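So this one's model.pdb, PDB, C-alpha atoms and all ligand atoms:
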ATOM      1  CA  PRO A   1      14.530  -2.653 -25.676  1.00  0.00           C
ATOM      2  CA  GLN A   2      17.328  -5.238 -25.280  1.00  0.00           C
ATOM      3  CA  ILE A   3      17.809  -6.130 -21.615  1.00  0.00           C
ATOM      4  CA  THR A   4      21.025  -7.901 -20.622  1.00  0.00           C
ATOM      5  CA  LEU A   5      21.074 -10.163 -17.671  1.00  0.00           C
ATOM      6  CA  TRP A   6      24.069  -9.044 -15.711  1.00  0.00           C
ATOM      7  CA  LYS A   7      21.595  -7.727 -13.165  1.00  0.00           C
ATOM      8  CA  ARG A   8      17.989  -8.529 -12.339  1.00  0.00           C
ATOM      9  CA  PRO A   9      15.625  -7.467 -15.162  1.00  0.00           C
ATOM     10  CA  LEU A  10      13.487  -5.117 -13.162  1.00  0.00           C
ATOM     11  CA  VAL A  11      10.963  -2.786 -14.730  1.00  0.00           C
ATOM     12  CA  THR A  12       8.308  -0.378 -13.609  1.00  0.00           C
ATOM     13  CA  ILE A  13       4.728  -1.543 -13.957  1.00  0.00           C
ATOM     14  CA  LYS A  14       1.398   0.195 -13.447  1.00  0.00           C
ATOM     15  CA  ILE A  15      -1.305  -1.990 -11.930  1.00  0.00           C
ATOM     16  CA  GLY A  16      -4.496  -1.033 -10.157  1.00  0.00           C
ATOM     17  CA  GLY A  17      -3.456   2.651 -10.400  1.00  0.00           C
ATOM     18  CA  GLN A  18      -0.202   1.974  -8.567  1.00  0.00           C
ATOM     19  CA  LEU A  19       3.383   1.966  -9.702  1.00  0.00           C
ATOM     20  CA  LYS A  20       5.461  -1.043  -8.694  1.00  0.00           C
ATOM     21  CA  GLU A  21       8.821  -2.568  -9.584  1.00  0.00           C
ATOM     22  CA  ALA A  22       8.647  -6.098 -10.972  1.00  0.00           C
ATOM     23  CA  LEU A  23      10.935  -8.759 -12.348  1.00  0.00           C
ATOM     24  CA  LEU A  24      10.621  -9.930 -15.931  1.00  0.00           C
ATOM     25  CA  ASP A  25      10.560 -13.649 -15.201  1.00  0.00           C
ATOM     26  CA  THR A  26      10.694 -16.230 -18.051  1.00  0.00           C
ATOM     27  CA  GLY A  27      10.633 -19.035 -15.439  1.00  0.00           C
ATOM     28  CA  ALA A  28       7.231 -17.923 -14.111  1.00  0.00           C
ATOM     29  CA  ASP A  29       4.128 -19.242 -15.845  1.00  0.00           C
ATOM     30  CA  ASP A  30       1.943 -16.612 -14.241  1.00  0.00           C
ATOM     31  CA  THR A  31       2.242 -13.063 -12.915  1.00  0.00           C
ATOM     32  CA  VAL A  32       2.360 -12.769  -9.131  1.00  0.00           C
ATOM     33  CA  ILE A  33       2.147  -9.424  -7.288  1.00  0.00           C
ATOM     34  CA  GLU A  34       2.491  -8.587  -3.596  1.00  0.00           C
ATOM     35  CA  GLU A  35      -0.630  -7.908  -1.582  1.00  0.00           C
ATOM     36  CA  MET A  36      -2.793  -5.171  -3.025  1.00  0.00           C
ATOM     37  CA  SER A  37      -6.431  -4.741  -3.823  1.00  0.00           C
ATOM     38  CA  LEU A  38      -7.751  -5.183  -7.350  1.00  0.00           C
ATOM     39  CA  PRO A  39     -11.337  -4.668  -8.560  1.00  0.00           C
ATOM     40  CA  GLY A  40     -13.657  -7.488  -9.572  1.00  0.00           C
ATOM     41  CA  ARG A  41     -14.051 -11.104  -8.729  1.00  0.00           C
ATOM     42  CA  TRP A  42     -11.327 -13.463  -7.680  1.00  0.00           C
ATOM     43  CA  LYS A  43     -10.831 -17.047  -6.643  1.00  0.00           C
ATOM     44  CA  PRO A  44      -8.243 -18.763  -4.472  1.00  0.00           C
ATOM     45  CA  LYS A  45      -5.301 -20.671  -5.968  1.00  0.00           C
ATOM     46  CA  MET A  46      -2.142 -22.362  -4.710  1.00  0.00           C
ATOM     47  CA  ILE A  47       1.152 -21.840  -6.597  1.00  0.00           C
ATOM     48  CA  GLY A  48       4.425 -23.545  -5.861  1.00  0.00           C
ATOM     49  CA  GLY A  49       8.050 -22.936  -6.454  1.00  0.00           C
ATOM     50  CA  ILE A  50      11.276 -23.172  -4.550  1.00  0.00           C
ATOM     51  CA  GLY A  51      10.400 -23.370  -0.883  1.00  0.00           C
ATOM     52  CA  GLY A  52       6.915 -24.757  -1.503  1.00  0.00           C
ATOM     53  CA  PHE A  53       3.470 -23.275  -2.068  1.00  0.00           C
ATOM     54  CA  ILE A  54       1.693 -20.032  -1.259  1.00  0.00           C
ATOM     55  CA  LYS A  55      -1.989 -19.192  -1.428  1.00  0.00           C
ATOM     56  CA  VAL A  56      -2.925 -16.387  -3.803  1.00  0.00           C
ATOM     57  CA  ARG A  57      -6.016 -14.626  -5.106  1.00  0.00           C
ATOM     58  CA  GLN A  58      -6.550 -15.017  -8.862  1.00  0.00           C
ATOM     59  CA  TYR A  59      -7.961 -11.996 -10.657  1.00  0.00           C
ATOM     60  CA  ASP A  60      -8.749 -12.343 -14.354  1.00  0.00           C
ATOM     61  CA  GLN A  61      -8.829  -9.681 -17.061  1.00  0.00           C
ATOM     62  CA  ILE A  62      -6.561  -7.200 -15.287  1.00  0.00           C
ATOM     63  CA  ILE A  63      -4.759  -4.507 -17.287  1.00  0.00           C
ATOM     64  CA  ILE A  64      -1.167  -3.836 -16.517  1.00  0.00           C
ATOM     65  CA  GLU A  65       1.326  -1.453 -18.146  1.00  0.00           C
ATOM     66  CA  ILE A  66       4.783  -3.083 -18.271  1.00  0.00           C
ATOM     67  CA  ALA A  67       7.667  -0.779 -19.092  1.00  0.00           C
ATOM     68  CA  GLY A  68       5.255   1.324 -21.147  1.00  0.00           C
ATOM     69  CA  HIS A  69       3.460  -1.538 -22.888  1.00  0.00           C
ATOM     70  CA  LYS A  70      -0.150  -2.412 -22.032  1.00  0.00           C
ATOM     71  CA  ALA A  71      -1.336  -5.932 -21.593  1.00  0.00           C
ATOM     72  CA  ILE A  72      -4.288  -7.724 -20.123  1.00  0.00           C
ATOM     73  CA  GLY A  73      -4.468 -11.034 -18.340  1.00  0.00           C
ATOM     74  CA  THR A  74      -4.633 -12.946 -15.092  1.00  0.00           C
ATOM     75  CA  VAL A  75      -2.803 -11.583 -12.071  1.00  0.00           C
ATOM     76  CA  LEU A  76      -2.160 -13.538  -8.904  1.00  0.00           C
ATOM     77  CA  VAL A  77      -1.978 -11.571  -5.656  1.00  0.00           C
ATOM     78  CA  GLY A  78      -0.376 -12.867  -2.501  1.00  0.00           C
ATOM     79  CA  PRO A  79       2.697 -13.097  -0.301  1.00  0.00           C
ATOM     80  CA  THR A  80       5.334 -13.336  -2.997  1.00  0.00           C
ATOM     81  CA  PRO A  81       8.798 -12.018  -1.991  1.00  0.00           C
ATOM     82  CA  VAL A  82       9.182 -10.223  -5.354  1.00  0.00           C
ATOM     83  CA  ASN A  83       6.679  -8.904  -7.912  1.00  0.00           C
ATOM     84  CA  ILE A  84       6.948 -11.199 -10.923  1.00  0.00           C
ATOM     85  CA  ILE A  85       5.812 -10.618 -14.524  1.00  0.00           C
ATOM     86  CA  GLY A  86       5.378 -14.132 -15.878  1.00  0.00           C
ATOM     87  CA  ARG A  87       4.923 -15.584 -19.302  1.00  0.00           C
ATOM     88  CA  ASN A  88       1.186 -14.955 -19.479  1.00  0.00           C
ATOM     89  CA  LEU A  89       1.954 -11.231 -19.785  1.00  0.00           C
ATOM     90  CA  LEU A  90       5.464 -11.364 -21.262  1.00  0.00           C
ATOM     91  CA  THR A  91       4.005 -12.908 -24.410  1.00  0.00           C
ATOM     92  CA  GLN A  92       1.593  -9.978 -24.768  1.00  0.00           C
ATOM     93  CA  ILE A  93       4.383  -7.419 -24.884  1.00  0.00           C
ATOM     94  CA  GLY A  94       6.272  -9.512 -27.410  1.00  0.00           C
ATOM     95  CA  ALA A  95       9.146 -10.512 -25.145  1.00  0.00           C
ATOM     96  CA  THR A  96      11.614 -13.068 -26.348  1.00  0.00           C
ATOM     97  CA  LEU A  97      14.817 -14.684 -25.120  1.00  0.00           C
ATOM     98  CA  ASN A  98      17.666 -14.361 -27.616  1.00  0.00           C
ATOM     99  CA  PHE A  99      21.092 -15.942 -27.796  1.00  0.00           C
TER     100      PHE A  99
ATOM    101  CA  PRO B   1      17.809 -18.516 -31.415  1.00  0.00           C
ATOM    102  CA  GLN B   2      14.837 -16.408 -30.561  1.00  0.00           C
ATOM    103  CA  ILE B   3      12.613 -18.100 -28.011  1.00  0.00           C
ATOM    104  CA  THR B   4       9.063 -16.911 -27.511  1.00  0.00           C
ATOM    105  CA  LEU B   5       7.249 -17.516 -24.249  1.00  0.00           C
ATOM    106  CA  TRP B   6       3.944 -19.067 -25.170  1.00  0.00           C
ATOM    107  CA  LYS B   7       5.371 -22.302 -23.765  1.00  0.00           C
ATOM    108  CA  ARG B   8       7.923 -22.797 -21.000  1.00  0.00           C
ATOM    109  CA  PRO B   9      11.433 -22.066 -22.383  1.00  0.00           C
ATOM    110  CA  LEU B  10      12.777 -25.547 -21.833  1.00  0.00           C
ATOM    111  CA  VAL B  11      16.067 -26.598 -23.294  1.00  0.00           C
ATOM    112  CA  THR B  12      18.406 -29.547 -23.068  1.00  0.00           C
ATOM    113  CA  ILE B  13      21.465 -29.192 -20.885  1.00  0.00           C
ATOM    114  CA  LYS B  14      24.410 -31.542 -20.476  1.00  0.00           C
ATOM    115  CA  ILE B  15      26.145 -31.852 -17.126  1.00  0.00           C
ATOM    116  CA  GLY B  16      28.376 -34.745 -16.028  1.00  0.00           C
ATOM    117  CA  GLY B  17      27.825 -36.405 -19.413  1.00  0.00           C
ATOM    118  CA  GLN B  18      24.058 -36.568 -18.799  1.00  0.00           C
ATOM    119  CA  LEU B  19      21.287 -34.828 -20.664  1.00  0.00           C
ATOM    120  CA  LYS B  20      18.633 -33.076 -18.624  1.00  0.00           C
ATOM    121  CA  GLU B  21      15.802 -30.656 -19.332  1.00  0.00           C
ATOM    122  CA  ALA B  22      15.996 -27.191 -17.802  1.00  0.00           C
ATOM    123  CA  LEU B  23      14.125 -23.912 -17.808  1.00  0.00           C
ATOM    124  CA  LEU B  24      15.728 -20.696 -19.034  1.00  0.00           C
ATOM    125  CA  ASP B  25      14.850 -18.411 -16.133  1.00  0.00           C
ATOM    126  CA  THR B  26      15.514 -14.714 -16.127  1.00  0.00           C
ATOM    127  CA  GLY B  27      13.937 -14.439 -12.646  1.00  0.00           C
ATOM    128  CA  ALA B  28      16.580 -16.686 -11.128  1.00  0.00           C
ATOM    129  CA  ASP B  29      19.890 -15.180 -10.095  1.00  0.00           C
ATOM    130  CA  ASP B  30      21.429 -18.658  -9.820  1.00  0.00           C
ATOM    131  CA  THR B  31      21.258 -22.007 -11.599  1.00  0.00           C
ATOM    132  CA  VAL B  32      19.554 -24.674  -9.505  1.00  0.00           C
ATOM    133  CA  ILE B  33      19.450 -28.376 -10.477  1.00  0.00           C
ATOM    134  CA  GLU B  34      17.781 -31.420  -8.903  1.00  0.00           C
ATOM    135  CA  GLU B  35      19.816 -33.846  -6.854  1.00  0.00           C
ATOM    136  CA  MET B  36      22.766 -35.258  -8.779  1.00  0.00           C
ATOM    137  CA  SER B  37      26.394 -35.964  -8.071  1.00  0.00           C
ATOM    138  CA  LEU B  38      28.973 -33.371  -9.128  1.00  0.00           C
ATOM    139  CA  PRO B  39      32.712 -33.391  -8.585  1.00  0.00           C
ATOM    140  CA  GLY B  40      34.678 -31.426  -6.052  1.00  0.00           C
ATOM    141  CA  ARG B  41      33.818 -29.621  -2.894  1.00  0.00           C
ATOM    142  CA  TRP B  42      30.639 -27.753  -2.192  1.00  0.00           C
ATOM    143  CA  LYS B  43      29.730 -24.732  -0.049  1.00  0.00           C
ATOM    144  CA  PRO B  44      26.470 -23.975   1.712  1.00  0.00           C
ATOM    145  CA  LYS B  45      23.897 -21.531   0.370  1.00  0.00           C
ATOM    146  CA  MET B  46      20.300 -20.653   1.140  1.00  0.00           C
ATOM    147  CA  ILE B  47      18.063 -19.405  -1.641  1.00  0.00           C
ATOM    148  CA  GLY B  48      14.664 -17.836  -1.219  1.00  0.00           C
ATOM    149  CA  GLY B  49      11.937 -18.577  -3.728  1.00  0.00           C
ATOM    150  CA  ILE B  50       8.283 -18.049  -3.819  1.00  0.00           C
ATOM    151  CA  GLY B  51       7.470 -20.447  -0.950  1.00  0.00           C
ATOM    152  CA  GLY B  52      10.404 -19.605   1.310  1.00  0.00           C
ATOM    153  CA  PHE B  53      14.024 -20.522   1.697  1.00  0.00           C
ATOM    154  CA  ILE B  54      15.775 -23.840   1.036  1.00  0.00           C
ATOM    155  CA  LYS B  55      19.302 -25.144   1.573  1.00  0.00           C
ATOM    156  CA  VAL B  56      21.310 -26.059  -1.504  1.00  0.00           C
ATOM    157  CA  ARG B  57      24.801 -27.293  -2.266  1.00  0.00           C
ATOM    158  CA  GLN B  58      26.945 -24.806  -4.179  1.00  0.00           C
ATOM    159  CA  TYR B  59      29.430 -26.266  -6.650  1.00  0.00           C
ATOM    160  CA  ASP B  60      31.692 -23.795  -8.398  1.00  0.00           C
ATOM    161  CA  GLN B  61      33.350 -23.984 -11.821  1.00  0.00           C
ATOM    162  CA  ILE B  62      31.160 -26.797 -13.220  1.00  0.00           C
ATOM    163  CA  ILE B  63      31.189 -27.507 -16.926  1.00  0.00           C
ATOM    164  CA  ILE B  64      27.686 -27.363 -18.345  1.00  0.00           C
ATOM    165  CA  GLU B  65      26.304 -27.192 -21.896  1.00  0.00           C
ATOM    166  CA  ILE B  66      23.058 -25.240 -22.340  1.00  0.00           C
ATOM    167  CA  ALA B  67      21.155 -25.577 -25.622  1.00  0.00           C
ATOM    168  CA  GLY B  68      24.459 -26.335 -27.313  1.00  0.00           C
ATOM    169  CA  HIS B  69      26.380 -23.438 -25.684  1.00  0.00           C
ATOM    170  CA  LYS B  70      29.315 -24.121 -23.365  1.00  0.00           C
ATOM    171  CA  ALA B  71      29.337 -22.580 -19.912  1.00  0.00           C
ATOM    172  CA  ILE B  72      31.543 -23.100 -16.831  1.00  0.00           C
ATOM    173  CA  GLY B  73      30.186 -21.709 -13.589  1.00  0.00           C
ATOM    174  CA  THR B  74      28.326 -22.206 -10.366  1.00  0.00           C
ATOM    175  CA  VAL B  75      25.566 -24.804 -10.056  1.00  0.00           C
ATOM    176  CA  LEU B  76      23.374 -25.132  -7.007  1.00  0.00           C
ATOM    177  CA  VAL B  77      22.002 -28.602  -6.228  1.00  0.00           C
ATOM    178  CA  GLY B  78      18.877 -29.079  -4.115  1.00  0.00           C
ATOM    179  CA  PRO B  79      15.155 -29.758  -3.970  1.00  0.00           C
ATOM    180  CA  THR B  80      14.050 -27.529  -6.776  1.00  0.00           C
ATOM    181  CA  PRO B  81      10.885 -28.577  -8.581  1.00  0.00           C
ATOM    182  CA  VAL B  82      12.459 -28.046 -12.020  1.00  0.00           C
ATOM    183  CA  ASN B  83      15.987 -27.537 -13.194  1.00  0.00           C
ATOM    184  CA  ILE B  84      16.528 -23.796 -13.686  1.00  0.00           C
ATOM    185  CA  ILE B  85      19.188 -21.967 -15.655  1.00  0.00           C
ATOM    186  CA  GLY B  86      19.618 -18.620 -13.978  1.00  0.00           C
ATOM    187  CA  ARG B  87      21.347 -15.409 -14.914  1.00  0.00           C
ATOM    188  CA  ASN B  88      24.794 -16.513 -13.856  1.00  0.00           C
ATOM    189  CA  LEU B  89      24.850 -18.930 -16.842  1.00  0.00           C
ATOM    190  CA  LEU B  90      22.382 -17.069 -19.122  1.00  0.00           C
ATOM    191  CA  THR B  91      25.005 -14.310 -19.264  1.00  0.00           C
ATOM    192  CA  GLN B  92      27.668 -16.820 -20.256  1.00  0.00           C
ATOM    193  CA  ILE B  93      25.634 -18.004 -23.243  1.00  0.00           C
ATOM    194  CA  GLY B  94      24.922 -14.436 -24.346  1.00  0.00           C
ATOM    195  CA  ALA B  95      21.201 -14.369 -23.573  1.00  0.00           C
ATOM    196  CA  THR B  96      19.159 -11.181 -23.556  1.00  0.00           C
ATOM    197  CA  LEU B  97      15.513 -10.320 -23.160  1.00  0.00           C
ATOM    198  CA  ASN B  98      14.066  -8.352 -26.019  1.00  0.00           C
ATOM    199  CA  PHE B  99      10.757  -6.597 -26.633  1.00  0.00           C
TER     200      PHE B  99
HETATM  201  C1  LIG C   1      14.490 -11.917  -3.126  1.00  0.00           C
HETATM  202  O1  LIG C   1      14.509 -13.359  -3.253  1.00  0.00           O
HETATM  203  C2  LIG C   1      15.425 -13.710  -4.201  1.00  0.00           C
HETATM  204  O2  LIG C   1      15.892 -12.736  -4.819  1.00  0.00           O
HETATM  205  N1  LIG C   1      15.724 -14.998  -4.456  1.00  0.00           N
HETATM  206  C3  LIG C   1      16.776 -15.415  -5.364  1.00  0.00           C
HETATM  207  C4  LIG C   1      16.585 -15.101  -6.841  1.00  0.00           C
HETATM  208  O3  LIG C   1      17.335 -16.100  -7.526  1.00  0.00           O
HETATM  209  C5  LIG C   1      17.677 -17.172  -6.659  1.00  0.00           C
HETATM  210  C6  LIG C   1      17.158 -18.510  -7.170  1.00  0.00           C
HETATM  211  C7  LIG C   1      15.663 -18.575  -6.816  1.00  0.00           C
HETATM  212  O4  LIG C   1      15.019 -17.808  -7.876  1.00  0.00           O
HETATM  213  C8  LIG C   1      13.673 -18.048  -7.939  1.00  0.00           C
HETATM  214  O5  LIG C   1      13.064 -18.827  -7.189  1.00  0.00           O
HETATM  215  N2  LIG C   1      13.054 -17.388  -8.917  1.00  0.00           N
HETATM  216  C9  LIG C   1      11.629 -17.335  -9.207  1.00  0.00           C
HETATM  217  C10 LIG C   1      11.079 -15.910  -9.063  1.00  0.00           C
HETATM  218  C11 LIG C   1      11.366 -15.435  -7.628  1.00  0.00           C
HETATM  219  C12 LIG C   1      12.460 -14.600  -7.416  1.00  0.00           C
HETATM  220  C13 LIG C   1      12.776 -14.133  -6.147  1.00  0.00           C
HETATM  221  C14 LIG C   1      11.978 -14.514  -5.079  1.00  0.00           C
HETATM  222  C15 LIG C   1      10.891 -15.341  -5.270  1.00  0.00           C
HETATM  223  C16 LIG C   1      10.572 -15.812  -6.553  1.00  0.00           C
HETATM  224  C17 LIG C   1      11.347 -17.932 -10.583  1.00  0.00           C
HETATM  225  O6  LIG C   1      11.977 -17.098 -11.559  1.00  0.00           O
HETATM  226  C18 LIG C   1       9.873 -18.236 -10.884  1.00  0.00           C
HETATM  227  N3  LIG C   1       9.375 -19.334 -10.071  1.00  0.00           N
HETATM  228  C19 LIG C   1       9.211 -20.607 -10.743  1.00  0.00           C
HETATM  229  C20 LIG C   1      10.524 -21.392 -10.858  1.00  0.00           C
HETATM  230  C21 LIG C   1      11.106 -21.774  -9.485  1.00  0.00           C
HETATM  231  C22 LIG C   1      10.246 -22.676 -11.663  1.00  0.00           C
HETATM  232  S1  LIG C   1       8.226 -18.994  -8.934  1.00  0.00           S
HETATM  233  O7  LIG C   1       8.423 -17.584  -8.542  1.00  0.00           O
HETATM  234  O8  LIG C   1       8.380 -20.018  -7.878  1.00  0.00           O
HETATM  235  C23 LIG C   1       6.658 -19.117  -9.712  1.00  0.00           C
HETATM  236  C24 LIG C   1       5.845 -20.219  -9.601  1.00  0.00           C
HETATM  237  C25 LIG C   1       4.605 -20.354 -10.196  1.00  0.00           C
HETATM  238  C26 LIG C   1       4.162 -19.280 -10.968  1.00  0.00           C
HETATM  239  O9  LIG C   1       2.989 -19.210 -11.630  1.00  0.00           O
HETATM  240  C27 LIG C   1       2.259 -20.421 -11.515  1.00  0.00           C
HETATM  241  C28 LIG C   1       4.960 -18.154 -11.099  1.00  0.00           C
HETATM  242  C29 LIG C   1       6.191 -18.067 -10.484  1.00  0.00           C
HETATM  243  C30 LIG C   1      15.619 -17.754  -5.523  1.00  0.00           C
HETATM  244  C31 LIG C   1      16.897 -16.942  -5.392  1.00  0.00           C
HETATM  245 CL    CL C   2      20.734  -7.302  -9.552  1.00  0.00          CL
HETATM  246 CL    CL C   3      -3.600 -14.705 -18.683  1.00  0.00          CL
HETATM  247 CL    CL C   4       4.849 -13.995 -30.934  1.00  0.00          CL
HETATM  248 CL    CL C   5      28.823 -18.562 -12.140  1.00  0.00          CL
HETATM  249 NA    NA C   6     -11.731  -9.833 -13.314  1.00  0.00          NA
HETATM  250 NA    NA C   7      34.148 -26.893  -7.901  1.00  0.00          NA
END
How does this structure look as structure tokens?
Amino acid sequence: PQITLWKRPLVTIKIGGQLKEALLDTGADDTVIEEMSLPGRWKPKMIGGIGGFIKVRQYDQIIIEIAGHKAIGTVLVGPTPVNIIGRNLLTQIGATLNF
Amino acid sequence: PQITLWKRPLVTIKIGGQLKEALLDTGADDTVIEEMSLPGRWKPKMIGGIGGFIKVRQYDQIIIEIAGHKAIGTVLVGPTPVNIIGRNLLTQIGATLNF
């Protein structure tokens, strides 16, 4: 698809058997999802942005479906205000910025 | 151009005659720049990012060039960790997300 940016670029994702709404975020290096459980091992990480840092759990090799397109990669889980699909997964679905 | 997302989508901007680096950020509603002086009056605004909310200075109708494209619109000034071009100016330069 071609998504214009008059409004927030929200899409439906499937992660851990759950449907969620998430923001396609070119300014995010990583993918950060609100608290949920995911299977497998994880390790703690700190990520920072406007407002400062939050502690998250880093899960590797997690499959997501993003607007119908499957990807795999690292997902960070923690107290993010918004679910964010960052570049680590946007690349996998072939997303580009065009102007 | 067509910008892929394997690296951060950093571009050169020009504001107040000065070149700066900024991130093209589809997850940002608003454009937020590090401390600098801009002309005119400002208005207060709070913005909420991943670590919580910060105070910024809102300057309206600021001339800004983004990757060679001319925009005139609102710029927020405050303690952001990187200069971010948000949707208010991405729309002015004609940017879309495509996959
Ligand atoms: C509901 O809250 C809002 O809608 N806030 C507003 C949305 O737009 C206004 C400007 C600010 O936007 C953001 O902070 N946007 C966030 C992504 C974002 C968006 C929204 C909330 C938190 C984080 C960014 O797109 C991604 N961020 C990085 C940039 C600040 C460099 S981030 O979320 O902090 C971030 C940081 C690290 C990371 O992986 C390492 C992944 C993401 C905040 C306000
Ligand atoms: Cl919106
Ligand atoms: Cl990854
Ligand atoms: Cl590619
Ligand atoms: Cl504007
Ligand atoms: Na894993
Ligand atoms: Na002004």
Query raised in the report: Which chain B residues are at most 9 Å from chain A (counting all atoms listed in the file), as JSON, numbers by chain?
Result: {"B": [1, 2, 3, 4, 5, 6, 7, 8, 9, 23, 24, 25, 26, 27, 28, 29, 47, 48, 49, 50, 51, 52, 53, 54, 79, 80, 81, 82, 84, 87, 88, 90, 91, 93, 94, 95, 96, 97, 98, 99]}
Given identical sequences, can you show me chain B least-squares superposed on chain A via all its Cα atoms in order, as a short mmCIF file (atom, residue, chain, number, x, y, z; two decimals) with C-alpha atoms, in the frame of the given file?
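As a result, out.cif now contains:
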data_model
loop_
_atom_site.label_atom_id
_atom_site.label_comp_id
_atom_site.auth_asym_id
_atom_site.auth_seq_id
_atom_site.Cartn_x
_atom_site.Cartn_y
_atom_site.Cartn_z
CA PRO B 1 14.49 -3.04 -25.81
CA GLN B 2 17.17 -5.61 -25.34
CA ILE B 3 17.72 -6.40 -21.68
CA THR B 4 20.88 -8.15 -20.57
CA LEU B 5 20.97 -10.14 -17.36
CA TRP B 6 23.98 -8.90 -15.46
CA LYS B 7 21.48 -7.23 -13.12
CA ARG B 8 17.96 -8.30 -12.22
CA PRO B 9 15.59 -7.39 -15.10
CA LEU B 10 13.48 -4.99 -13.09
CA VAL B 11 10.99 -2.74 -14.77
CA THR B 12 8.24 -0.37 -13.75
CA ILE B 13 4.68 -1.60 -13.98
CA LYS B 14 1.44 0.31 -13.51
CA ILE B 15 -1.57 -1.41 -12.00
CA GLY B 16 -4.58 0.33 -10.43
CA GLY B 17 -2.99 3.70 -11.20
CA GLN B 18 0.05 2.84 -9.05
CA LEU B 19 3.63 2.37 -10.11
CA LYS B 20 5.46 -0.68 -8.81
CA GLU B 21 8.74 -2.42 -9.57
CA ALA B 22 8.60 -5.95 -10.96
CA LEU B 23 10.90 -8.64 -12.26
CA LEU B 24 10.64 -9.95 -15.82
CA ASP B 25 10.63 -13.68 -15.12
CA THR B 26 10.77 -16.29 -17.81
CA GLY B 27 10.74 -19.04 -15.14
CA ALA B 28 7.32 -17.99 -13.91
CA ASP B 29 4.25 -19.27 -15.71
CA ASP B 30 2.09 -16.66 -13.97
CA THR B 31 2.34 -13.05 -12.81
CA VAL B 32 2.43 -12.74 -9.03
CA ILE B 33 2.20 -9.39 -7.18
CA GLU B 34 2.41 -8.45 -3.50
CA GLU B 35 -0.74 -7.71 -1.55
CA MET B 36 -2.81 -4.95 -3.13
CA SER B 37 -6.45 -4.34 -3.84
CA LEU B 38 -7.77 -5.15 -7.32
CA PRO B 39 -11.31 -4.92 -8.62
CA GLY B 40 -13.73 -7.73 -9.20
CA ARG B 41 -13.96 -11.28 -8.04
CA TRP B 42 -11.08 -13.60 -7.41
CA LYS B 43 -10.59 -17.38 -7.65
CA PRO B 44 -8.31 -19.60 -5.61
CA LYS B 45 -4.99 -20.90 -6.89
CA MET B 46 -1.96 -22.61 -5.39
CA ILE B 47 1.44 -22.03 -6.93
CA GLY B 48 4.58 -23.99 -6.19
CA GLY B 49 7.90 -22.20 -6.05
CA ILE B 50 11.28 -23.09 -4.83
CA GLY B 51 10.30 -23.36 -1.14
CA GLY B 52 6.92 -25.02 -1.59
CA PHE B 53 3.37 -24.04 -2.36
CA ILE B 54 1.45 -20.90 -1.38
CA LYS B 55 -2.15 -19.75 -1.77
CA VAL B 56 -2.80 -16.74 -3.96
CA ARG B 57 -5.80 -14.79 -5.18
CA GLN B 58 -6.39 -15.02 -8.92
CA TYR B 59 -7.83 -11.93 -10.60
CA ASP B 60 -8.59 -12.24 -14.29
CA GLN B 61 -8.64 -9.59 -17.02
CA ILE B 62 -6.67 -6.93 -15.09
CA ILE B 63 -5.26 -3.96 -16.93
CA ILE B 64 -1.53 -3.66 -16.35
CA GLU B 65 1.23 -1.66 -18.05
CA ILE B 66 4.67 -3.30 -18.15
CA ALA B 67 7.68 -1.17 -19.12
CA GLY B 68 5.33 1.01 -21.14
CA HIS B 69 3.51 -1.90 -22.86
CA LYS B 70 -0.20 -2.48 -22.28
CA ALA B 71 -1.38 -5.89 -21.16
CA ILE B 72 -4.74 -7.20 -19.89
CA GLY B 73 -4.65 -10.58 -18.19
CA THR B 74 -4.47 -12.63 -15.05
CA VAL B 75 -2.68 -11.35 -11.95
CA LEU B 76 -2.10 -13.46 -8.88
CA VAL B 77 -1.90 -11.64 -5.54
CA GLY B 78 -0.13 -13.17 -2.54
CA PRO B 79 2.96 -13.34 -0.36
CA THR B 80 5.57 -13.29 -3.06
CA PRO B 81 8.92 -11.81 -2.09
CA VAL B 82 9.10 -9.69 -5.26
CA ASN B 83 6.58 -8.74 -7.88
CA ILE B 84 7.05 -11.08 -10.85
CA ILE B 85 5.90 -10.71 -14.43
CA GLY B 86 5.46 -14.21 -15.76
CA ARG B 87 4.97 -15.69 -19.19
CA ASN B 88 1.25 -15.05 -19.34
CA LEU B 89 2.00 -11.29 -19.64
CA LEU B 90 5.51 -11.53 -21.17
CA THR B 91 3.80 -13.06 -24.21
CA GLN B 92 1.37 -10.15 -24.37
CA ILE B 93 4.21 -7.62 -24.55
CA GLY B 94 6.01 -9.62 -27.24
CA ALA B 95 8.98 -10.75 -25.16
CA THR B 96 11.41 -13.42 -26.31
CA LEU B 97 14.63 -14.87 -25.01
CA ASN B 98 17.51 -14.65 -27.42
CA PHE B 99 21.04 -16.04 -27.48
#
Query raised in the report: Which protein, DNA or RNA residues are at most 8 Å from (-3.3, -5.5, -14.4) in the file's coordinates when you count all atoms listed in the file, listed as number ranges by chain?
Result: A: 14-16, 61-65, 71-75
Query raised in the report: By how many Å are CA of residue 46 (chain B) and atom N2 of ligand LIG 1 (chain C) apart?
Result: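 Here the two named atoms are 12.8 Å from each other.
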Cut-off 6 Å: closest chain B/ligand NA 7 (chain C) atom pairs per residue, using all atoms listed in the file, as JSON lines:
{"residue": "B:40", "atom": "CA", "partner": "C:NA7", "partner_atom": "NA", "distance": 4.9}
{"residue": "B:41", "atom": "CA", "partner": "C:NA7", "partner_atom": "NA", "distance": 5.7}
{"residue": "B:59", "atom": "CA", "partner": "C:NA7", "partner_atom": "NA", "distance": 4.9}
{"residue": "B:60", "atom": "CA", "partner": "C:NA7", "partner_atom": "NA", "distance": 4.0}
{"residue": "B:61", "atom": "CA", "partner": "C:NA7", "partner_atom": "NA", "distance": 4.9}
Query raised in the report: Any idea what the distance is between CA of residue 44 (chain A) and atom NA of ligand NA 6 (chain C)?
Result: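 That distance, rounded to one decimal, is 13.0 Å.
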Query - Target residues per the PyMOL selection byres (((chain A and resi 67) around 6) and not hetatm), formatted as JSON, numbers by chain - result: {"A": [11, 12, 13, 66, 68, 69]}
